[PDB]
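>>> Experimental coordinates follow, after the sequence.
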Amino acid sequence: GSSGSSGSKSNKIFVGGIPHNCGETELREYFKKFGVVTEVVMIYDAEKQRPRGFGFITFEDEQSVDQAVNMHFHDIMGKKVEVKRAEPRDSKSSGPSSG
């Protein structure tokens, strides 16, 4: 997961229920039909360095998001992956100067 997005529109989706065999490559390889995967976020414990079974994914055009959302399901590696419309969120703010 990276921190840097200008596009006002949030083409990010929430992918959960992901199997213990599915990964970045797969996700995209399966989320490339709906449109174009620009970024692939994944939540996991560094120590482990592996996606438990959930995360998020960014597309090129908001459209993609909708396409996936509607389906709210996908067959990746013989598994049903849940997908929902994700929303933008960050913990950064502007500052006047060094304090």
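Perfect, thanks for sending it. Numbers count the residues shown, from 1 in each chain.

>>> ok, residues contacting the longest helix seen in the chain?
When the chain is scanned for its longest helix (criterion: DSSP state H), the result is helix 62-71. With C-beta atoms under 8 Å, 6 or more residues apart in numbering as the test, helix 62-71 has contacts from 9-13, 31, 34-37, 59, 74, 83-86. Every residue, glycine included, has its C-beta placed from N, CA and C.

>>> which of those count as buried?
10-13, 31, 34-35, 37, 59, 74, 83, 86 (16 or more other C-beta atoms under 10 Å).

>>> Pull the contacting residues for residue 89.
Applying C-beta under 8 Å, 6+ apart to residue 89 gives no contacts.

>>> any idea how far residue 29 is from it?
Here residue 89 is placed at a distance of 27 Å from residue 29 (C-beta to C-beta, to the nearest Å).

>>> thinking residue 43 is in contact with residue 51, fair?
Yes. Counting by C-beta atoms under 8 Å, residue 51 is a contact partner of residue 43 at 7.0 Å.

>>> higher neighbour count, these two?
Each of residue 43 and residue 51 has its neighbours counted (other C-beta atoms under 10 Å); residue 51 has more, 20 against 13.
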